[PDB]
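In structure tokens, the next block holds one chain alone, the form deposited in one PDB entry.
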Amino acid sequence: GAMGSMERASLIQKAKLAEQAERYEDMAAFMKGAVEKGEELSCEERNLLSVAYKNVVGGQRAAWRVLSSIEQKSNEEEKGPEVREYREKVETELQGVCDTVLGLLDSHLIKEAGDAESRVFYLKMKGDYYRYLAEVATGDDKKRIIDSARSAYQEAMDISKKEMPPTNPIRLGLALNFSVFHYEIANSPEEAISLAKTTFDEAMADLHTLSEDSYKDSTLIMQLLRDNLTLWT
């Protein structure tokens, strides 16, 4: 791509500069360039990739929600096609970013990921971006998109349970997001609550094994699980 001529190390360096500057679109482009070099990503690099795209898509999701709501209120005086047009524009751009991320995961991050930490990380991402596609899906394929999210989260969950301690932050964040998928996308609030509780409880029981810094890392995501449980019960 447009980053083809830049050194991998330079792209990573610039991704970090872009993060410091809160330039997430640039950060994402730098990391896409780095992935397209064809080498596996390190832990730190994977995190840079995730943060970049999470922020980009996060902004798009927030704007889509503002627009979709304005649209819904318009469909309860006639304002013409503009609200629908502009929501569609934002939606299409969001879909594009999700397709780009899914493309990177498929070519060829997931297939080269052998260690649990990387494989779970990339499958969670795959679940997340199909979840974002699901949030805006209304055509026939809402179901298949939902199943694609579910399948990726499930594979990640199966690996995480076999290969990671209950306090592992990736495992915790995966469970958090799969529990959100159940509640918000799959119309399965009981499953969401059950998942969040079991995850929280099993992590608590394993905190005794951790260093002070790991304990801080694990308890943080645990608090997000607790926050959801409080909202949902």
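By rigid core we mean the largest C-alpha set that fits within 1.5 Å across both forms. Numbers for residues come from their place in the sequence shown, where the first is 1.
Missing-residue comparison: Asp99 falls in the unmodelled set for none of the other PDB entries checked, so it is not missing from a third of them.
Modelling of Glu77 is missing from a third or more of the other compared entries in which both of its neighbours are modelled.
In the deposited sequence, the stretch from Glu76 to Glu77 hides 1 to 3 residues that have no coordinates.
The mean Cα B-factor in the deposited entry runs higher for 204-212 than for the other of 204-212 and 49-57. Just going by the entry, 102-110 versus 77-85 on mean CA temperature factor gives the higher value to 77-85. Within the selection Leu123, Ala149, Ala116, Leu94, the deposited Cα B-factor values reach their highest point at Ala116. In the deposited entry, the Cα temperature factor of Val180 sits in the middle third of values across the chain's modelled residues. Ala63 sits in the middle third of its chain by CA B factor, as recorded in the PDB entry. Ranked by Cα temperature factor within the chain, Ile70 sits in the highest third according to the deposited record.
Sort the modelled residues of the chain by CA B factor and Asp158 lands in the middle third. When the modelled residues of the chain are ordered by their C-alpha B factor, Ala186 lands in the highest third.
Below, we turn to the form deposited in another entry, even though it does not appear here.
For the listed set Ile12, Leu224, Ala18, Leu210, the sole C-alpha moving 2 Å or more between this form and the one not shown on a rigid core superposition is that of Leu210.
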